Amino acid sequence: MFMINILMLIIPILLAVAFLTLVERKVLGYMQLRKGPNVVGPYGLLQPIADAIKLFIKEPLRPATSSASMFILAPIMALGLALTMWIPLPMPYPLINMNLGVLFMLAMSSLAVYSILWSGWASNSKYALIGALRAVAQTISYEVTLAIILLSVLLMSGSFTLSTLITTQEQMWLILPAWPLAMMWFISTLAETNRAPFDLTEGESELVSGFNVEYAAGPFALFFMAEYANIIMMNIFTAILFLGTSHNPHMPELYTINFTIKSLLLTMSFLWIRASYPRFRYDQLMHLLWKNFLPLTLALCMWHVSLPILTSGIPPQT
Amino acid sequence: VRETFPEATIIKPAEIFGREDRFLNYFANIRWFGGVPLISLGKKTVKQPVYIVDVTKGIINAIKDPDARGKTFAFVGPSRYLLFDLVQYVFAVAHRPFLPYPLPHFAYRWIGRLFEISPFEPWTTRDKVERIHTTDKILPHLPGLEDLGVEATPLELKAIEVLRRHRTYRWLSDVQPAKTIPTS
Amino acid sequence: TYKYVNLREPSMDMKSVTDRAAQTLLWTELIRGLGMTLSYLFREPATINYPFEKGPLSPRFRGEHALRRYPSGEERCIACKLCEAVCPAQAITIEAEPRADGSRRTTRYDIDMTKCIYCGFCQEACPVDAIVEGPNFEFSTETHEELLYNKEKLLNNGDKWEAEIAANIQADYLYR
Amino acid sequence: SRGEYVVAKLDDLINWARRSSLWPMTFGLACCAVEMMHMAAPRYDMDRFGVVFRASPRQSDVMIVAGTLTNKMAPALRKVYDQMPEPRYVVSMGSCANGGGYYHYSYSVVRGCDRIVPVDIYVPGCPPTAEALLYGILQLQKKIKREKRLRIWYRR
Amino acid sequence: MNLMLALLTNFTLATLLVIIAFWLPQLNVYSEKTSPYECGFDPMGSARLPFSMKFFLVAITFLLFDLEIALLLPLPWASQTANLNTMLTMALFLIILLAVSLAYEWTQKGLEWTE
Amino acid sequence: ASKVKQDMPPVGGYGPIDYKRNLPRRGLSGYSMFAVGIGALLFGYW
Ligand code: SF4
Ligand code: SF4
Ligand code: SF4
């Protein structure tokens, strides 16, 4: 029955990713005064299926002078880690109930940077290796603030257990006590996923190619699924972290409905932001992290270490 | 054909090599299977491959040549090679490791029988193995490419263009010409 | 008369400095940009339902070519070769000779629709309204040869679009 | 069954997938690129047919050659075409790409992009209206809907 | 067990999609294809990418900062101690030295990108 | 004896057409925004 549980998680994720491509093209469409896909199926509902079939029956070009082992490893690593990060999520009951679930999320997230690095190496292009180095430097910079921000929030929750964040917010959302941290967390999850205005590689098209410009067909599709699987997961993580839903043990479906709505709105906020702003220059988004976000995150880490002690509000360890 | 259309021109080429050929490209994808199986280690077969453009210019010159009506030609290359020393050259030009090993005729047909199950273009077949190892006939009594005003192109000149795509590095940095069976 | 676009001195009173600090820290003017795209999400899109709806055009539209006739069915063209002289792209080729009845008519009239720049000079030059650019703009082909029109194709277009070509000329000839 | 029935339906599935997800790489070379940008604009919104605004060469299905193709640019247009994964289609937009157009007799102009690459659809005009280009794309979908790749393979 | 099955399922599914992504489609390869995209023009040099020192310093700065975060991770468990005064002092000492490390790179032009 | 008729403006001309920049003021001042922000923190901490 546990193997049924795994499939009941993986398959819907790959369907949610499929229909996030439809919503992104229709929300961006209407925010640009047009309609988006509405011809392939009713209201475009079959568009993700057509795109899926199309990609997987196209030539999977691999340059002859590309390291085959790394060219294949990168999409497997990216998608494999993208699905792994979903297993500890309390929605409301985790598939795998980890005592250190939060630290597991960080640990797996930092491994995904390899797929960017391996793909750049395997291209043997040097129009993509620079893109990979720029992308990797961006990603590792912004997981510094994710860790310190996440550490600050856990000082009001008490543990790294993901389910304990539900108990912490049983009276009030953590966004009120920690709206300064939530703001930078939201931007930091935009830069980790290479989402606009932090998309210097995927779709910059400013004398800068993407690290996966050399991928075509199914292998490109796999990278796309990993990227979009992470967008939903990061926004589901934000809902649990700052917008905790009340959990009724007798009506657990009530939690899932409310928690599903919040995650969708946060995900649609990613689409909202892409339609509204230009993109940071690469050296500007490094100054955003090292000169603006990092000094403020450090100060709020000091403040959130001493605030429970000086208010006698230290959370329980269990 | 010679009876139905007596005035027809018949061209008999050896294995034709070129960018899209299945002759040099055939002795380069066998790397997918480790070593290179060759019946009798590829020593009892003599090959005289010809260039695609040479065969093409022969056909065109045969259209404008009134002397080609009701005539049979044999388009062959300028040099003769042993199947072993030609297959060695392909790997040398392609810069791929060369691990030849003999295989008996009955066993080589067995694996050819296996690849024939493919409902798509078979990678190899029993008939293909027979032709790869068949020695190219000498027909001195038939006009060649010299009677049509065509000079045969050595395989050495045009092997690099065919086998460039099989190499794994760009701007690697040479290979020696393959051994050739002298005439007579 | 000139005006300055970016010549201003920001005020330096604590009220104004704190407003700019609030904008820097609270992202106020970025969220104001999110409100402009939120409004568009709740407007009616300008998309039309092509091919069931079509974009508006005027009687002056210059589309696919056609050779016209008089009401009797006689060709209007009298092989004067004015359209061939004025054609800035040299897309018109004409050969003519006396017809069996002695009239001045063309034996070749080709428009290379791949040299043509759809400029309308041929219908301005024509003194008998023979060569016109019709209202059709939906004649894309699958081959380059289908776009080398000869006299038969152009006379078929005229007999095909006369009902609509005649109406457009009726609505614009007073401006010509 | 008959075998021909299964292959016939599989063709429809892959034909429907390929025409409903046409991802074009646009070679905006001259004025005809402007009319191509008006087809992406709200009124015609090519994105609503499954045709994305722009795609990189390695994920593009059709090349729209929109504008004059000069001799200097000709080598670069072939290189991009060779690197497009198959199936690949080419739409020649406008007179300049169709046959040379206004600059047919120039010393520096390729008299038609069909000299460099195969062309599946020719869209006439100088420029074609954004609607006449959308008619070409829709006319390319029907061409792909008539493909019989598997029916032919089944009868080999 | 349950964790190993989950990881195996996630990474086996990814591998399956890759194999059917390379074998299902119909292939046709030639030298003009299967070359680096570049931008439609031939490569202008047979040399690898020059080494940029600034990109090397961000990786090292992340590493050293990432090591100091490793020390800050056990803070939630550290706040449960009875020696809160000592714990609080060492918690703030670590974060302050992390900021002093940031201040050094900042003032020494370590965070700039202008050559 | 029909009169000349061509595209002309109506009698009295057309109505006035706005062209100057219009970016209306919105929101509160910096003091109020920080007061709401800190007040939210204080309620949350409590
Ligand atoms: S529209 Fe202009 S270019 Fe075309 S045939 Fe007429 S005169 Fe020539
Ligand atoms: S179409 Fe008109 S201008 Fe041209 S030759 Fe005929 S009558 Fe003269
Ligand atoms: S066909 Fe016309 S619009 Fe298009 S590039 Fe040529 S001159 Fe410009």
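A brief report on the enclosed structure follows. (Residues numbered from 1 in each chain as written, not as in the entry; some residues may be left out. Chains lettered and ligands numbered in written order. Part of a larger assembly, values for the part shown. Heavy atoms only, no water.)

Turning our attention to the arrangement of the chains. Across the 10 pairs of chains that are in contact, the largest number of contacts falls between chains A and E. You won't find any contact between chain B and chain C; their C-alpha atoms come no closer than 27 Å. One finds no contact linking chain C with chain E; the least C-alpha distance across the pair is 20 Å. (Contact = heavy atoms within 4.5 Å.)

Contacts between the two partners involve 58 residues from chain E, matched on the other side by 70 residues from chain A. The contact between chain E and chain A buries some 5,800 Å² in all, and 81% of this surface belongs to carbon and sulfur atoms. Where chain E meets chain A, there are 2 salt bridges. The closest approach of N and O atoms between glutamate 59 of chain A and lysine 33 of chain E, which form a salt bridge, is 3.0 Å. Summed over the shared surface of chain E and chain A, the number is 7 residue pairs in polar contact. Looking at the side of chain E that touches chain A, the elements with two or more residues in it are helix 1 (2–23), helix 2 (53–72), helix 3 (75–78) and helix 4 (84–107) of chain E. Here the side of chain E that touches chain A takes 16 residues from helix 1 of chain E, the largest share from any one element. (Buried area = accessible area lost by both parts, 1.4 Å probe. Salt bridge = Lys/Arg side-chain N within 4 Å of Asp/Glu carboxyl O. Polar contact = N/O pair within 3.5 Å; in protein donor to acceptor, adjacent residues only side chain to side chain. Helix = DSSP H or I, 4+ residues; strand = E, 2+ residues; numbered from the N terminus.)

A few words on the side chain of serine 95 of chain D. Among the structural elements, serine 95 of chain D can be located in helix 4 (residues 94–99). Residues within four places of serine 95 of chain D in sequence aside, it is in contact with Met113, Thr114, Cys116 and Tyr118 of chain C together with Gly100, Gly101, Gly125 and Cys126 of chain D.

A few words on the packing of aromatic side chains. Given two aromatic rings, their pairing is described by the distance between the two centres and the angle made by the two planes. Under the criterion given, the structure shown has 36 aromatic pairs over all chains. Linked through ring pairs, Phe71, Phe211, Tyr215 and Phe223 of chain A together constitute an aromatic cluster. Here the basic side chain of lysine 43 of chain B rests over the ring of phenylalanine 84 of chain B, its NZ or CZ set 4.7 Å away from the ring centre. We note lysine 153 of chain C situated over the ring of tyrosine 149 of chain C; from NZ or CZ to the ring centre the distance is 5.4 Å. (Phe/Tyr/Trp six-rings, centres within 6.5 Å; stacked < 30°, edge-to-face > 60°. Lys NZ or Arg CZ within 6 Å of the ring centre and 35° of its normal.)

Attention shifts here to the sheet that holds strand 5 (residues 148–149) of chain C. All names here are of chain C. Taken in spatial order, the 3 strands make up an open sheet running 2-3-5, and their pairing is antiparallel. The two strands at the open ends of the sheet, each matched to only one other strand, are strand 2 (92–98) and strand 5. In this sheet, strand 5 lies alongside strand 3 (residues 104–112) in antiparallel orientation, the contact comprising 2 bridges. Along strand 5, the bridge assignment pairs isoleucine 111 with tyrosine 149. (Pairing = 2+ DSSP bridges.)

Quick look at the pattern of salt bridges now. Across all of its chains, the model carries 46 salt bridges over all chains by this definition. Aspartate 47 of chain D is the salt-bridge partner of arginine 34 of chain A, the closest N and O atoms lying 3.3 Å from each other. In this pair, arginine 34 of chain A sits in the loop between helix 1 (2–31) and helix 2 (47–56) while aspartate 47 of chain D sits in the loop between helix 2 (32–40) and strand 2 (62–66), so the two residues belong to two different chains. In this structure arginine 34 of chain A comes out as buried when scored by relative accessible area, which is 13%. The salt bridge partner of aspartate 112 of chain C is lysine 115 of chain C, with a shortest N-O separation of 2.8 Å. As far as burial versus exposure is concerned, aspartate 112 of chain C and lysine 115 of chain C are alike and both buried. Through salt bridges with shared partners, a single network forms among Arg25, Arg34 and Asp51 of chain A together with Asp45 and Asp47 of chain D. (Buried < 20%, exposed > 50% of the residue type's maximum accessible area, 1.4 Å probe, protein only.)

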